[PDB]
Amino acid sequence: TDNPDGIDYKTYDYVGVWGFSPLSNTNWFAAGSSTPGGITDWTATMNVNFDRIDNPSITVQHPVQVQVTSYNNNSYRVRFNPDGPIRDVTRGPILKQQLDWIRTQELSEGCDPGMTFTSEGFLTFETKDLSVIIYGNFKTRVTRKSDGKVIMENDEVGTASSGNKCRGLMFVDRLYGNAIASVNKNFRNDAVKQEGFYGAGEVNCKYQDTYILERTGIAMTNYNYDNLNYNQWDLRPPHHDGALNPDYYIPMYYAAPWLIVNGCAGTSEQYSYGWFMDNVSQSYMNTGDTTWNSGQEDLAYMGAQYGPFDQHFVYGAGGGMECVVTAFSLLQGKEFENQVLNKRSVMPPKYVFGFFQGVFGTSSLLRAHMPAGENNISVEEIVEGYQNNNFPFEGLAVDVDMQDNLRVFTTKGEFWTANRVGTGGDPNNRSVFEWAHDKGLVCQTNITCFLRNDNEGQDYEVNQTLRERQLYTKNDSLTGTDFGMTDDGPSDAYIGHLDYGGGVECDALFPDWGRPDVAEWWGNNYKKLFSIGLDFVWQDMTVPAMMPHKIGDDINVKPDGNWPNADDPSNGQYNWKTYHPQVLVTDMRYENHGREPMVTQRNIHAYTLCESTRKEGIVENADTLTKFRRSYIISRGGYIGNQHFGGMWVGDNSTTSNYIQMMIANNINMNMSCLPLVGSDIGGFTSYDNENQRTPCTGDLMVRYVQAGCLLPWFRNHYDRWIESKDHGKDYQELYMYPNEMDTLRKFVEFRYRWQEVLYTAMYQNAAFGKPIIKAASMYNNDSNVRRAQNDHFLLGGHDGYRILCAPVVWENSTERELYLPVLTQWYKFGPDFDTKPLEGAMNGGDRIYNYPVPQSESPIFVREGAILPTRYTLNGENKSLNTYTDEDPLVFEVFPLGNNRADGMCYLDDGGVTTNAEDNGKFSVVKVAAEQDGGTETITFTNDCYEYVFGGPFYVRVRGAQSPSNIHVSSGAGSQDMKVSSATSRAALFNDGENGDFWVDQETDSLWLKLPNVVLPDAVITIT
Ligand SMILES: *[C@@H]1O[C@@](F)(CO)[C@@H](O)[C@H](O)[C@H]1O
């Protein structure tokens, strides 16, 4: 039954950060006083008296829960509901079952937060490193035990004569609105603390000409949006004139109400903590922005258009911002389901780390069946171009082009080898996906939840069963709004419009996700694609991203590009490029709880789509998958918690230097919002040349794009292609189309391929421990200079996740950059060339190099001392896809020069996702290695933490800076032997002809290679004298 809490919904339209202003006080309640309401488990209740700040005699009472969530990881939670009872969400990143599991574990270890009400009514409690006090009006001080330092405090506002009111807890009188807010003191301007705020999902922020990482001193909003180019005109500030650049006040595709605050950076007294307002209505994060009077320099807040109020403060276990990220990912963890592998996120197939190509505007599988049309291309041509030119190349992102007339889950004849649709498994009529398997590729295909509704009487089973089973969103509201209607019906359906431009368009119905039965119906449609050879999913238009529309207009008519605007507001008539926000949706937050207008829950839609694809598509129907039983999702939208469904790409970027800068910042920020497998379209998706949209990306920009993206988790070149029947886009963008740059393009893809295990093992570090793959420079501790370098330096890889430094050039036509090397370690220049020549001399960390040289053919990438990295090569020397590697393609442990006479490395091994036995049954291995120099003796030790996956071929150790040994001894469960010099005199010969127990003195790269049998991998001691 609709609106069960009896809310009066006051706001439906978007409200920019210019119109959200808690610090203006008027009509806001804040916390005035309280009394104790008891403690159950680790949850204290305070009965709080809220007073109206501009009239403190107007008062209301609500219960406020304060809960310790983790003692060891120093986290706690504050929640209340000004609109009804406090309720646990049944879907979302934070679930009570996980909180319960964490509390049960810590209790069994004797953790005691000692939560107590003092006799004065104040609440006090401790965690491992912290001590908290909450006074009568909710004024809060969080103190660090070791030094006494106050690391966080909430904000109070004075009144004329009625006492101080605490702005830590705020909500708008329900006579006037529905918003909520929470305000902290912000020490950004403090000379010593110099607080900086980080995180926030996909927000872009310009400073002068450059896009930057930090999110200090700015007003932001989470409001999932079809935001092509990151600067959609309807998102402009009131009365904005001239061009709109992407910038901090524009919402993006991923909803991330999450910041990590970092102060006293680089000193022994650094502190960090993360702040999450777990709300799925439009939310706001202001880190001290005066613009529009939205906030105040010395305060920070989070808020949202709708309740309930639920926020988490996360300080982490160890020192540094990375520890904040690992603790956040624990709160969202699946330890409560006893995951043997997928604890903090879900492991992809190895092939997800390959190089992919998407094209929007292919018109067939084969050249033989391609319809004639200016600039038409076949999938076949694309594969040829990469394969004939020896690119490492994983396969394809196959767009809505392959579908029958935009009906999702269909294909058309042109995308089969015999030019007609079959049901799969016919060797004389292969699907695009079957044909791609025979080329050694895998594919994703674009799926959205628009179910085409205008079918001209033709049969489309997906839409028909959605109808028949009453599973679509209805056209109901509390406002009597008329969302529109077509001749197709049904008469009570919400009907939207999908618009790809250039006439590529249709009417659609949508699944009402919170209804029981919907998630299962949806997952089952994927059988129709899995059984014809599809490997993984590309999840698009997820807001869901509807054609812009105004109430009263026909379903297929959009308003003037300029509307709405300040002089002519939406006034409850614009759809804000998704559902008209008054539509009653079955509640996605709370099961079996009724319907609410979509305005209350916008930012949960993408998350729920992905969830349903993951559980009911990929997992439930895993039997219908052909070549790889493990699969994955790469989604355009979502909410905090998406890492448990798959990874992300940052939608529709463009082809300029600024988009490279944004790609890098987005990747780092998304990693710290616990979404690690993320990327942006390499080369930019949209056209960029205003005098002729068809102009391709320049050679030099593509090189820089590829260089910047090559060690980022998701690596796909994808673009809008101009073709006769879809006349927007660029002519081409494929790497093989760049003859002058081909050699460079190719060698950075090879470089990535060699480090496939670095990426895959970082991914395991994330699934298991929650460590971000990509590290912000400021995650590197005891360094006072990283913060300056942080826009375009990042780190990754190796046993701790900090063994590789990247500082890619972020400007076209530029052959130098300012380089900063983190201090108290030594660095070695590396990159695609260094595989086949010696290292250069050590570079001293803490060095700043102005105008450091960077030819187009190079990019700045450094390997830290003490690193041992797993590295892969093809046995034959040809470039192949990841998914066609076997254990006979060499695994090689490269030992870089030692740090303090030591080096360390880790490697995760499984079958790559051929089966799901690694995550279902524990079938994986984790090998560690160490090297120690002690006088004239070097010892290299291999150990395992589990060895449940048997690596099937020989493996190597490549020691850099070593030459001829006097003797090498290997000890291992399988007894022990001395090694002998190989008869092989080259690397290809050692790989193919060399015997197990052979070593090779590689003078050309100044390396010693040792070849070892597979049985000594899990446990060995190697003594080099
Ligand atoms: C979804 O939309 C398309 F289908 C067409 O623009 C894709 O090619 C895009 O990458 C994605 O945003």
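Residues numbered from 1 in each chain as written, not as in the entry; some residues may be left out. Heavy atoms only, no water.

**Let's talk about the overall build of the protein chain**
Part 1: Each helix and strand in the protein chain was counted, giving 15 helices and 56 strands.
Part 2: Since a compact globule built from 1025 residues should have a radius of gyration of about 31 Å, the 29 Å found for the protein chain is in line with a globular shape.
Part 3: Counting only C-alpha atoms and orienting by the principal axes, one finds that the protein chain spans roughly 90 × 70 × 50 Å.
Part 4: When the accessible surface of the protein chain is split by element, carbon and sulfur atoms take 44% of a total near 33,300 Å².
Part 5: Taken together, the 82 basic and 130 acidic charged side chains of the protein chain have centroids lying 2 Å from each other. (Helix = DSSP H or I, 4+ residues; strand = E, 2+ residues; numbered from the N terminus. Rg over C-alpha atoms; globule rule 2.2 N^0.38 Å. Areas by Shrake-Rupley, 256 points an atom, 1.4 Å probe, with all protein chains shown as cover. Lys, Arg positive; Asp, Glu negative; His and termini not counted. Charge placed at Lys NZ, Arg CZ, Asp CG, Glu CD.)

**Regarding the sheet that holds strand β41 (residues 826–829)**
Part 1: Spatially, the six strands line up as an open sheet ordered β37-β38-β39-β44-β41-β42, and their pairing is antiparallel. Because the sheet does not close on itself, it has two edges, and the strands there are β37 (775–776) and β42 (843–844).
Part 2: Note: β41 against β42, two bridges, orientation antiparallel. Residue pairing in the sheet places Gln826 in a bridge with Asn844 of β42. (Pairing = 2+ DSSP bridges.)

**Looking at the domain arrangement of the protein chain**
Part 1: As far as domains go, the protein chain holds domain 1 (1–318), domain 2 (319–806), domain 3 (807–877) and domain 4 (878–1025).
Part 2: Between the C-alpha centres of domain 2 and domain 3 the distance comes to 32 Å.
Part 3: At the interface, 44 residues of domain 2 touch 45 residues of domain 3.
Part 4: Summing the contributions of domain 2 and of domain 3, the shared interface buries around 3,700 Å²; its carbon and sulfur component is 56%.
Part 5: Summed over the three residues of domain 2 that lose the most area to domain 3, namely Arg704, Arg754 and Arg803, the buried surface amounts to 20% of that side.
Part 6: Run the count over domain 2 and domain 3 and you get five salt bridges.
Part 7: Here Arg817 ties to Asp792 by a salt bridge, and the two come within 3.0 Å at their closest N and O atoms.
Part 8: The interface formed by domain 2 and domain 3 holds 27 residue pairs in polar contact in total. (Domains from an automatic or database assignment. Contact = heavy atoms within 4.5 Å. Buried area = accessible area lost by both parts, 1.4 Å probe. Salt bridge = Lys/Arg side-chain N within 4 Å of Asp/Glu carboxyl O. Polar contact = N/O pair within 3.5 Å; in protein donor to acceptor, adjacent residues only side chain to side chain.)

**Concerning the site of the ligand**
Part 1: The ligand sits among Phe360, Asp399, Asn446, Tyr500, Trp538, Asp540, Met541, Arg636, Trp649, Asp652, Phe685 and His718.
Part 2: Between the ligand and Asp399 there is a distance of 2.6 Å, counted from an oxygen atom to a side-chain nitrogen or oxygen.
Part 3: In this structure, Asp652 approaches the ligand through a side-chain N or O atom, which is 2.6 Å from an oxygen atom.
Part 4: Notes on the ligand: free accessible area 300 Å², of which the protein chains cover 96%. (Near = heavy atom within 4 Å.)

**Let's talk about helix α8 (residues 605–619)**
Residues three or four positions apart in an α-helix share a direction because the helix packs 3.6 residues into each turn.
Part 1: Under the 1.5 Å per step criterion, the end-to-end length of α8 is 20 Å for 15 residues, consistent within 8% with the ideal 21 Å.
Part 2: The sharpest bend along α8 comes to roughly 25°, located at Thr613.
Part 3: Burial analysis of α8 places 13 of its 15 residues in the buried class, the great majority of the element. (Expected span 1.5 Å × (residues − 1). Bend = angle between axes of the 7 residues up to and from the residue. Buried < 20%, exposed > 50% of the residue type's maximum accessible area, 1.4 Å probe, protein only.)

**A look at the packing of helix α10 (residues 699–709) against helix α11 (residues 742–754)**
Part 1: Closest axis-to-axis distance for the α10/α11 pair is 10 Å, and the angle between their directions is 5°. In this view, α10 runs roughly parallel relative to α11, as classed from their interaxial angle. Along its contact with α10, which presents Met702, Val703, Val706, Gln707 and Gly709, the element α11 presents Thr744, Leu745, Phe748 and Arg752.
Part 2: By residue class, the composition of the contact of α10 with α11 is five nonpolar, three polar and one charged. (Axes fitted to C-alpha atoms, helices over the stretch in contact; angles between N-to-C directions. Parallel < 35°, antiparallel > 145°, perpendicular 65-115°, else oblique. Nonpolar A, V, L, I, M, F, W, Y, C, P; charged D, E, K, R; others polar.)

**Here's the deal with unusual backbone geometry**
Part 1: Between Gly489 and the following residue, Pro490, the backbone shows a cis peptide bond with an omega angle of -10°.
Part 2: Looking at the element boundaries, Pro490 is found in the loop between α5 (461–468) and β27 (496–499).
Part 3: Of note, the amide linkage connecting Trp563 to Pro564 takes the cis form, showing an omega dihedral of 0°.
Part 4: Tracing the backbone through its elements, the reader meets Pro564 in the loop between β29 (536–539) and β30 (584–586).
Part 5: Of note, the phi angle at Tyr230 is positive, near 75°, even though the residue is not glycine.
Part 6: By secondary structure assignment, the location of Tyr230 is in the loop between β16 (219–222) and β17 (254–255).

**Brief notes about the packing of aromatic side chains**
Each aromatic ring pair is described using two quantities: the centre-to-centre distance and the angle formed by the ring planes.
Part 1: Per the counting criterion, the structure on display carries 77 aromatic pairs.
Part 2: Taken together, the ring pairs connect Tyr14, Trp18, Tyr223, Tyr225, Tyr248, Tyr249, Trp292, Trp563, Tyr574 and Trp576 into an aromatic cluster.
Part 3: It is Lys550 that lies over the ring of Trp563; its NZ or CZ is 5.1 Å from the centre.
Part 4: Positioned above the aromatic ring of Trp722, the side-chain terminus of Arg694 is 3.8 Å from the ring centre. (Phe/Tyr/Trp six-rings, centres within 6.5 Å; stacked < 30°, edge-to-face > 60°. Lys NZ or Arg CZ within 6 Å of the ring centre and 35° of its normal.)

**Thoughts on the sheet that holds strand β54 (residues 998–1002)**
Part 1: With mixed pairing, six strands are arranged side by side in an open sheet as β45-β46-β50-β55-β54-β53. Looking at strand neighbours, the two that pair on one side only are β45 (868–872) and β53 (980–981), the edges of this open sheet.
Part 2: Where β53 lies against β54, two bridges are found, and the strand directions are parallel. Bridge pairing in β54 places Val981 opposite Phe999.
Part 3: Packing of helix α12 (residues 756–769) onto the sheet brings it into contact with β45 and β46 (891–895), and relative to β45 it is tilted by some 120°.

**Details of the environment of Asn74**
Part 1: Secondary-structure assignment places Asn74 in the loop between β3 (55–70) and β4 (75–80).
Part 2: For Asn74, a relative accessible area of 2% corresponds to the buried category.
Part 3: Remark: the alpha-carbon pair of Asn74 and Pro22, spanning 52 residues in sequence, is separated by 28 Å.
Part 4: The contacts of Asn74, once residues within four sequence positions are left out, are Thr127, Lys128, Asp129, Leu130, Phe313, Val314, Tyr315, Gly316 and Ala317.
Part 5: For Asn74, the side chain forms a polar contact with the side chain of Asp129, separated by 2.8 Å.

**Observations concerning the nonpolar core**
The tendency in soluble globular proteins is for nonpolar side chains to be buried as a group.
Part 1: Membership of the largest hydrophobic core comes to 207 residues, with the highest contact counts inside it found for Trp522, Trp755 and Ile804.
Part 2: Element by element, the count of residues in this core is highest for helix α9 (residues 657–672), at nine residues.
Part 3: Non-local contacts of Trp522, meaning those with residues more than four positions away in its chain, are made with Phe409, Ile447, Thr448, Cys449, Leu451, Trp513, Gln539, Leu609, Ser612 and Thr613.
Part 4: Ranked by size, the runner-up nonpolar core spans 79 residues in total, among them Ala30, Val48, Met152 and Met170. (Core = buried A, V, L, I, M, F, W, Y, C linked by side-chain atoms within 4.5 Å.)

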